[PDB]
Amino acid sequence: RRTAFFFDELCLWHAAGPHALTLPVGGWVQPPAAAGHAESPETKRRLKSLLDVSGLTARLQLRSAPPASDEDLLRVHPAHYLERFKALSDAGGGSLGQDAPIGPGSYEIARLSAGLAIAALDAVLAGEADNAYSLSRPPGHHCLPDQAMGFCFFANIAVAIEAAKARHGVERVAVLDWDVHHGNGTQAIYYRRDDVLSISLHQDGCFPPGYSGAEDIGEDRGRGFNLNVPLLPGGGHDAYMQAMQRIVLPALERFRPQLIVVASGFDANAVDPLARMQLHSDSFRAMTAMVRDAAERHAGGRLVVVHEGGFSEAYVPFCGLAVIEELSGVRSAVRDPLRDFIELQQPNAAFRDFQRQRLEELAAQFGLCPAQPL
């Protein structure tokens, strides 16, 4: 297949002020001697490097894009949010919102991240590639129209969708968000809309803290077009496969997407500090295969994967590689050195059965019929 890889080196240069993991430094939180801010470029840089030495980058359609225009940004964000962000960015950086720290030139880099998402959807809708992967940093799926949060400063996917509707007139877009945290920004923006189906798989109560959201299925015109699957902390491969089979694929069947966008965070991986799930790289590969198959059946193959979270520098690269291998249909020589180990750590039969029963009940609560793909 022809997979477009949207990347820009400048996205790897965004960096907020001092933070111990996610905690802003100051008060009782000592400055890290080595690491720094959780939303680090290193994870994304190590993904890019691995894609290069694996030979996969050479088999992709490597592309950049112009930064998002104010016009594109103003579809979702107000001008005063843009001016504030810009002011803080030009001032040297600071705090923009709830866990939304920025540095100098963060405005420009945020615009570029959104621009990559816009271009990726565009390329796939124009027929310039069968599918695409956008290595967007900073990420977007937590950002509300007037509030930065969770290290997201623009609602990247929303911005790209609004631009895609204005340029191409696409009527039905499915957004599957498998970042381990709740896609609250996407949910809120499209909550009363039936032209975008927003699905989030997330760790129950992880981020935003305490939010599960199963009963939040959208409202009025959007009722049934938002679906939250709050997975129990500690779940892994089987929990996600069962979620994909019992909820996601049936929701997609009913919706008939013309384009599928995946908010692909890799923070459900088994060594991530910011969640408690147990996925391995083959979990991501299998989720991508299922969504690629869905895109081929409904949307003429039109699939865009946008990079969101993932904070294990060691392991995120293997997970991202697996997704890109699956999009492109090229298998590299890279073997995941943690895969066998993570297999042994998975929930036991009793726990897996408990989670399976909860997903069966959730599928029934959503009114989803267990048919197969066609």
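The first residue of the shown sequence is 1; numbering continues from there.
Of the two segments, 133-141 and 188-196, the one listed with the higher mean B-factor is 133-141 (C-alpha atoms only). When the two stretches 99-107 and 289-297 are set side by side, the higher mean Cα temperature factor goes to 99-107. For the set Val248, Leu73, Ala119, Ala148, the PDB entry puts the maximum C-alpha B factor at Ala148. Comparing C-alpha B-factors across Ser332, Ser328, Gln345, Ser49 in the deposited entry, the largest value falls on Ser332. Ranked within its chain, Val323 lands in the lowest third, by CA B factor from the PDB record.
Sort the modelled residues of the chain by CA B factor and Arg84 lands in the highest third. The deposited CA B-factor of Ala163 belongs to the middle third of values across its chain. Sort the modelled residues of the chain by CA B factor and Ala126 lands in the highest third. Residue-level temperature factors show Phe341 in the middle third of its chain, judged at the C-alpha atom.
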